[PDB]
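Let me begin by presenting the structure, written as structure tokens, before commenting on it.
Computed from the coordinates by the stated procedures, all read-outs in this text should not be read as laboratory data. No Cβ is skipped: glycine too gets one built from the backbone with ideal geometry, and neighbour counts run over all protein chains shown.
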Amino acid sequence: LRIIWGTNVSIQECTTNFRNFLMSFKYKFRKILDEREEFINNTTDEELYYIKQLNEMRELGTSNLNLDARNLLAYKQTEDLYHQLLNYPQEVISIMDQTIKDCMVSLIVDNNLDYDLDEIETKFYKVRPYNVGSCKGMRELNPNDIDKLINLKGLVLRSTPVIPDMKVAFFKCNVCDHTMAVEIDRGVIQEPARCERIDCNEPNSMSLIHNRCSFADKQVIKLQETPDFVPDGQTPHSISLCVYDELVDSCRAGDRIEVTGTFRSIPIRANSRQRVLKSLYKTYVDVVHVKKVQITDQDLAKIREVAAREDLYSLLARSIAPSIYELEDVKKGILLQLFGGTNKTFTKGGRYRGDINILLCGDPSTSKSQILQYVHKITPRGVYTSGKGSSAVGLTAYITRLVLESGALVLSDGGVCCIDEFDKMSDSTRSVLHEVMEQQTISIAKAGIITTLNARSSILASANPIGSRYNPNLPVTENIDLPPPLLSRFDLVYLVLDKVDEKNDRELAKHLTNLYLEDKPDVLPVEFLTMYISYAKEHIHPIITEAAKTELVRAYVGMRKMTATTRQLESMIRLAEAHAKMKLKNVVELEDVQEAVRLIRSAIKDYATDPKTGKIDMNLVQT
Amino acid sequence: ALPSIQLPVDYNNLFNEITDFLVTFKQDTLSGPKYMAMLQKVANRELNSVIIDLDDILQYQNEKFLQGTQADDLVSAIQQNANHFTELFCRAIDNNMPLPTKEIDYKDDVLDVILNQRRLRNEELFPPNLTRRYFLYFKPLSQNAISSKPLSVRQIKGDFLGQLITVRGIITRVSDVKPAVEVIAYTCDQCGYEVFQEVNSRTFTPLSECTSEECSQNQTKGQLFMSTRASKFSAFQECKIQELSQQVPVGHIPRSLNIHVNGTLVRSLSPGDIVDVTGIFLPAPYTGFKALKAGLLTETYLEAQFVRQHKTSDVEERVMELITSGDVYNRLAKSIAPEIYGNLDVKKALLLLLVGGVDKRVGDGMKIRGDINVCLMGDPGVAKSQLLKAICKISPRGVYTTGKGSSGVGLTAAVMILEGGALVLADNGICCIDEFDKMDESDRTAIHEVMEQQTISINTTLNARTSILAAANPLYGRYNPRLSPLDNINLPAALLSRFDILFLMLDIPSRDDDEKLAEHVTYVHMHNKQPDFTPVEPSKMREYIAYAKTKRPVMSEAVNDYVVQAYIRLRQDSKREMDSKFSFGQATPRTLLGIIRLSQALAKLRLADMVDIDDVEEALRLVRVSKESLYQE
DNA sequence: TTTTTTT
């Protein structure tokens, strides 16, 4: 038999265990390993999971086949093979790739569906085990763990450009015009000492030609250690993850990705020309699988029922921060911002941007930043920042030599942005934010490097009052202390002030004391509400209608009677489109525009605000 | 070229004595041989390293002297050439190694499986270092002298090379852990035989040519291939120890010294704490090209053997002794700054801050800090700076800082790749700010970013969990009754709310107070001890603080309702007490939180499993005393 | 590169 070196386990036996997993292993085995028999379905269980997966790979036309170490453990012989893989991940992965190819050929013949066995041979099946082990940081990874299968979660610090890889060397003889191809094993090309052609009779006549040499796609992605894995006292250590073929560019940089792989250690040459290599070995992880960290039909039905409920707007507001008290209007504005307005692009007038930015000002103990962290959790992509920690250059763009790097707002783009101590945030940073928010995109010019980075990020800001506690005598805008251009740029302005009464104090103290009374203590689940916002954006594309247009023109003229920025009217339209997404209405309606204007009026306590100078009586706040 | 010089030492007889000591030496005075037990643990692979005590060697030599047999002076020969003696010690450990009482899990050890296979195929085949999975170490000799006496970097000399020696100083930096190929294993396909190469240098040249007799018999020129699973690898870390400030002569800068820490000893150190490490001082060879220019001049380094940083049943017994002494809260308060006379309430608040309150994190995601922060506001000459320095010395990880001496950003995290600031050095400790009134509000904003939420934001982030203490002088240098208490504090209401408690002390002439303070101070001057209650030792005080922190008391329904009533009362008292002369700041729900943390700290000091209404009332009384000190005038 | 700070 053929045995992997040092394992005393046959490579044929590993392939046979993988074949028993691919066929003659029921999905019932994986479901039983998962237990939860009430959750498992008997018919899909009786069907063979890996047989269905190989047939699905044939239907896709792709050689790659996702692998589950849990399913490998579910099958008994495949569990033994998975332990052998944990010992020798690369060898067992090659064995499983060959087994997947052979099982695909056998499955094509068995199903009798049209397919080419030669096409299956040309295809190189891929085994991508996952759930082999608990996710761990790069700092947790060890040289003993090198050459052992593991599943790792990490946030991509950056993704490197695709790196050419010498899949096979090609030798072309300059003396005799001979053509040859030499496979590259272990990353080293093989060169015959004499000419491949005996008639040439020229020693070392063969010459490698790089263009003729076969190249396989390869890439690397820097991966930061997971925030839980990182030590509390120090920033996480980062190790780049090797990737190739379909795994290359599987996940974009700046988004969390879970890549199962085998850790690798390689000697580092003391000098590139010198054969000598330092006793220390550089360490990198080669990913057997790449994964992240879209609405299911049942989730979409649940979102539809929720959106049908009239209580759902306030329900999602409360669901953003279920434990928090008395900031439901700010949470509703944040939920509208998470839904976002629809974006319209035109040849003239540029492109109206649907993304909504929300500014919130609260006196200390407003729980505004607790709600902001709640919004960061609720957002599908979360960016949280402190005003003292915020920098304008970091928010817009950085340069490394000389190539531009994504700003903090650019990384926020594609998700909601959370800002704490927004009053403490620098006015210069806010001035940088003004242009980026007005354009919904960032443009940067600098010596050497000048480029524009997308900044289409919904922005949430939690701000202190300009006074240490919010002053009713102070104007609400002054208490928020936001610059007027940034306030116009923001779609929504939120004002929250504490109101004191004996019964209200009893209620607040009772809430805090109940959370304390538990030793560990209508709201949608936060993940379900993120999915609801995603489904609202996906299946709802609100646009200005006639009724919404009557409401919008009335609101614009009335706010001009009250001065109305044209951007505020666009922000009201975006909030109206956000409300239609919150209601899962395909187009903006008069009720949506009315709710958007009502949400803006309630957010800044404009109804509470006194008619003159914009100041709000404290009793008027919180009605 | 190599004139041999016979010396009064024979390595063979010394190694025989070492092997005899390994089997004969036992902890009978403390009570098979203890070294044999460690060898059995290593055979089971339960012990991954060995530490040979120099004091044990000296005791064995004393036993030999009592028996009349002449000692080979193994303990002193270690000081003579410890590097050379270490190889003999490893050989003696191999000779006296017992069989594994527990299975070594050889199947999981790919090296062990391949080693059995390689011996079978072969039937010093492989390096003994590759055979050994343990790292030797040397414990410093017990005081009763170069190894026993710690040294400064400048005090160390080139003659100390090749000698085990202890050093003392601040760790400037620690290099990142790197692999070290103790043995590089080369494999060639043409022979099918593995050829091992033992690397003992900082850099190595790969064999690059198959040395296998099978390849020699086949006449094939094989290309050796290194195998990570076959080659031995050891973690390598470096440390830079810099001379202590007292050890540095005036007008001289302390010198950091590179130290090699390998194997299990790697990653043992942290830069913040002073370390007393015994290690064989050894030359560091220069590279070829650099050595051609250096000439006879040579680099030097230290290979650490035993690492010790300055800062259970015994701890439990000490805490029980303090509890039996009783009144533990007031006793620890009076123990704080025994030389300082008075300010017992400030000392009690400082002890509460040292114990800290319970840190709470809600299931929804809310996190409320348990760390306590205190502020001291006093007139000049009231031992504000003295008490702050005493508290900094009391805190093993605490840092003392001045408002003018250090910038706020530098204290939070000093920009030179990020490096920990004074607050990061105060992690699991207390950052002290002397002359906090003099500190600028711009830096106070950086402090306010961290006081409310422990984490630091800059991008780079650190948890930066610590307790904050501040000492401030009143506006214009002294308290003015005409000025409101808030005006004399001259601090933002955000700072007042973030602080758990602020203490205001006034300098008022008094005949009896002057007489008592002069008596205590004159007693302190004539005799270093304070005249009078006996302060607890700082080690036992820190142990009691840790024991209190372990309690983590939780609130009850009655205590929570009483705290809610106190919050309502404080809010109403602020609403009615808008008069600035009597207004100490509006009631804060966060302040009641701070009050919750203080009650948790009091229940921790009392070691109560749950927070008590008495603890809540005591925290409220601390704040009330903070106001009443000014009210007395 | 990026503070730090002296001109």
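Close contacts from the stretch B:350-370, counting a first residue that is closer than 18 Å to B:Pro589 by Cβ and a second that is polar (S, T, N, Q) and in a helix (DSSP H, G or I), with Cβ to Cβ under 6 Å and a gap of 6+ residues or different chains, come to B:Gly357/B:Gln600; B:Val358/B:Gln600; B:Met366/A:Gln370.
Hey, could you check the stretch B:180-205 for residues that are among the hydroxyl-bearing types (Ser, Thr, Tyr) and over 28 Å from A:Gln190 (Cβ atoms) and say which is nearest to the other protein chains (Cβ to nearest Cβ)?
Keep residues of the stretch B:180-205 that are among the hydroxyl-bearing types (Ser, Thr, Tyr), which gives B:186-187, B:193, B:201, B:203, B:205.
Next, from what is left, pick out any that are over 28 Å from A:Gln190 (Cβ atoms): B:201, B:203.
Values: B:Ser201: 8, B:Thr203: 5 Å.
Per the criteria, the residue is B:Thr203.
What are the residues in the stretch B:544-560 that are within 14 Å of chain A (Cβ to nearest Cβ) and among the aliphatic types (A, V, I, L, M), if any? Answer for the stretch B:544-560, where residues must be within 14 Å of chain A (Cβ to nearest Cβ) and among the aliphatic types (A, V, I, L, M): B:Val554, B:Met555, B:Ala558, B:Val559.
Scanning the stretch A:4-42 for residues that are of a type in the set (A, V, I, L, M, F, W, C) and under 16 Å from A:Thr99 (Cβ atoms) gives A:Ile4, A:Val9, A:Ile11, A:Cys14, A:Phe18, A:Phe21, A:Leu22, A:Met23, A:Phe25. Of all the criteria given as (1) within 21 Å of A:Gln90 (Cβ to Cβ); (2) surrounded by fewer than 18 Cβ atoms within 10 Å (Cβ to Cβ); (3) touching a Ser or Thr at 6+ places or on another chain (Cβ under 7 Å), the one not satisfied by A:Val175 is (1).
Among the residues of the stretch B:180-195, at least one is outside any loop (DSSP other than H, G, I, E, B), within 35 Å of the chain's Cα centre (by Cα) and of a type outside the set (A, V, I, L, M).
Can you name the residue in the stretch B:408-420 that is surrounded by fewer than 18 Cβ atoms within 10 Å (Cβ to Cβ) and not β-branched (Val, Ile, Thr) and is also farthest from DNA strand C (Cβ to nearest atom) among such residues? Reasoning before the result, please.
Let us first name the residues in the stretch B:408-420 that are surrounded by fewer than 18 Cβ atoms within 10 Å (Cβ to Cβ), namely B:409-410, B:414-419.
Imposing the further condition that a residue be not β-branched (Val, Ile, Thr) reduces the set to B:410, B:414, B:416, B:418-419.
On the way: B:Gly410: 5, B:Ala414: 5, B:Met416: 7, B:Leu418: 8, B:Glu419: 10 Å.
The residue in question is B:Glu419.
Residue count for the stretch B:421-450 under the criterion of being buried (at least 17 other Cβ atoms within 10 Å of the Cβ) and within 13 Å of DNA strand C (Cβ to nearest atom): the result is 4.
Would you call A:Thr379 within 16 Å of DNA strand C (Cβ to nearest atom), more than 10 Å from chain B (Cβ to nearest Cβ), buried (at least 19 other Cβ atoms within 10 Å of the Cβ) and farther than 19 Å from A:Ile604 by Cβ? Explain how you work it out, then say what you get.
Numbers: within 16 Å of DNA strand C (Cβ to nearest atom): no; more than 10 Å from chain B (Cβ to nearest Cβ): yes; buried (at least 19 other Cβ atoms within 10 Å of the Cβ): yes; farther than 19 Å from A:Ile604 by Cβ: yes.
No; evaluated as a whole, the condition is false for this residue.
For the stretch A:505-528, give me the residue count where each residue is in contact with a helix residue (DSSP H, G or I) (Cβ under 6 Å, 6 or more places away or on another chain), within 13 Å of another protein chain (Cβ to nearest Cβ) and within 30 Å of A:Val588 (Cα to Cα). The number of residues fulfilling the criteria is 2.
With respect to B:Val167, is the statement that it is in a strand (DSSP E or B), touching a helix residue (DSSP H, G or I) at 6+ places or on another chain (Cβ under 8 Å), buried (at least 21 other Cβ atoms within 10 Å of the Cβ) and of a type outside the set (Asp, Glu) true?
Values: in a strand (DSSP E or B): yes; touching a helix residue (DSSP H, G or I) at 6+ places or on another chain (Cβ under 8 Å): no; buried (at least 21 other Cβ atoms within 10 Å of the Cβ): yes; of a type outside the set (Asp, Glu): yes.
When the stated conditions are applied, B:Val167 does not pass them.
Scoring B:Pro380 on the criteria (1) more than 15 Å from B:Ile433 (Cβ to Cβ); (2) within 16 Å of DNA strand C (Cβ to nearest atom) leaves a single failure, condition (2). crowded, with 24+ Cβ neighbours inside 10 Å, more than 12 Å from chain B (Cβ to nearest Cβ) and within 16 Å of DNA strand C (Cβ to nearest atom): does that describe A:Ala397? Spelling it out, A:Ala397 is indeed crowded, with 24+ Cβ neighbours inside 10 Å, more than 12 Å from chain B (Cβ to nearest Cβ) and within 16 Å of DNA strand C (Cβ to nearest atom).
Condition check ((1) within 23 Å of the chain's Cα centre (by Cα); (2) part of a helix (DSSP H, G or I); (3) within 14 Å of chain A (Cβ to nearest Cβ)) across all residues:
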position	(1), (2), (3)
B:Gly342	no, no, no
B:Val346	no, yes, no
B:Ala349	no, yes, no
B:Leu353	yes, yes, no
B:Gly357	yes, no, yes
B:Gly363	no, no, yes
B:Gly370	yes, no, yes
B:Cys375	no, no, no
B:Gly381	no, no, no
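Within the stretch A:404-431, restricting attention to residues that are hydrophobic (A, V, I, L, M, F, W, C) and under 18 Å from A:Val156 (Cα atoms), the residue that is surrounded by the most Cβ atoms within 10 Å (Cβ to Cβ) is A:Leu409.
When you go through A:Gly414, A:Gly448 one by one, which is the residue that is farther than 21 Å from B:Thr460 by Cα, more than 12 Å from chain B (Cβ to nearest Cβ) and within 14 Å of DNA strand C (Cβ to nearest atom)?
Working: A:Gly414 fails: within 14 Å of DNA strand C (Cβ to nearest atom).
Result: A:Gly448 is the single residue among A:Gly414, A:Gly448 that is farther than 21 Å from B:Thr460 by Cα, more than 12 Å from chain B (Cβ to nearest Cβ) and within 14 Å of DNA strand C (Cβ to nearest atom).
Annotation note: Cβ proximity below 7 Å between a residue of the stretch B:526-542 that is in a helix (DSSP H, G or I) and a residue that is among the hydroxyl-bearing types (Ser, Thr, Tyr) (sequence gap 6+ or interchain) occurs for B:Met541/B:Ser335. Looking across the stretch B:451-486, the residues that are touching a strand residue (DSSP E or B) at 6+ places or on another chain (Cβ under 6 Å), within 16 Å of DNA strand C (Cβ to nearest atom) and not small (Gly, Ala, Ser) come down to B:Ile456, B:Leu462.
In the stretch A:292-323, the residue that is surrounded by the fewest Cβ atoms within 10 Å (Cβ to Cβ) out of those that are basic (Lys, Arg) and part of a helix (DSSP H, G or I) is A:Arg304.
For A:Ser323, are the conditions met, namely being within 14 Å of chain B (Cβ to nearest Cβ), of a type in the set (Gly, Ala, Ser) and more than 22 Å from the chain's Cα centre (by Cα)? So that I can check it myself, show each step before the final result.
Working: within 14 Å of chain B (Cβ to nearest Cβ): yes; of a type in the set (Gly, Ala, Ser): yes; more than 22 Å from the chain's Cα centre (by Cα): yes.
Criteria met by A:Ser323.
Which one is surrounded by the fewest Cβ atoms within 10 Å (Cβ to Cβ), of the residues in the stretch B:154-164 that are at negative phi and assigned to a loop (DSSP other than H, G, I, E, B)? Once the filter is applied, the top-ranked residue is B:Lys157. Only one of the numbered conditions (1) within 16 Å of DNA strand C (Cβ to nearest atom); (2) away from every other protein chain (no Cβ under 12 Å); (3) within 16 Å of the chain's Cα centre (by Cα) is not met by A:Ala408, and that is (2). Test B:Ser208 against the stated conditions and say whether it is within 14 Å of chain A (Cβ to nearest Cβ), of a type in the set (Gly, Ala, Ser), over 30 Å from B:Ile52 (Cβ atoms) and more than 38 Å from the chain's Cα centre (by Cα). Spelling it out, B:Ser208 is indeed within 14 Å of chain A (Cβ to nearest Cβ), of a type in the set (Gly, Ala, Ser), over 30 Å from B:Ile52 (Cβ atoms) and more than 38 Å from the chain's Cα centre (by Cα). Of A:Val220, A:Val188, all but one fail to be within 30 Å of B:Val266 (Cβ to Cβ) and among the aliphatic types (A, V, I, L, M); the exception is A:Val220.
Out of all the residues in the stretch A:126-155, which are in contact with a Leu (Cβ under 6 Å, 6 or more places away or on another chain), within 30 Å of A:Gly61 (Cα to Cα) and either in a loop (DSSP other than H, G, I, E, B) or hydrophobic (A, V, I, L, M, F, W, C) (or both)? Hits for the stretch A:126-155 are A:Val127, A:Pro129, A:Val132, A:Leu149.
Please tell me if A:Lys388 is crowded, with 19+ Cβ neighbours inside 10 Å, within 16 Å of DNA strand C (Cβ to nearest atom) and within 25 Å of A:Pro483 (Cα to Cα). The answer is yes for A:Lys388.
With respect to B:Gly405, determine if the residue is within 14 Å of another protein chain (Cβ to nearest Cβ), within 16 Å of DNA strand C (Cβ to nearest atom) and farther than 26 Å from A:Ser406 by Cβ.
On the way: within 14 Å of another protein chain (Cβ to nearest Cβ): no; within 16 Å of DNA strand C (Cβ to nearest atom): yes; farther than 26 Å from A:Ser406 by Cβ: yes.
So B:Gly405 does not fit the description; no.
Condition check for A:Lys424 on (1) assigned to a loop (DSSP other than H, G, I, E, B); (2) within 19 Å of the chain's Cα centre (by Cα): one failure, at (2).
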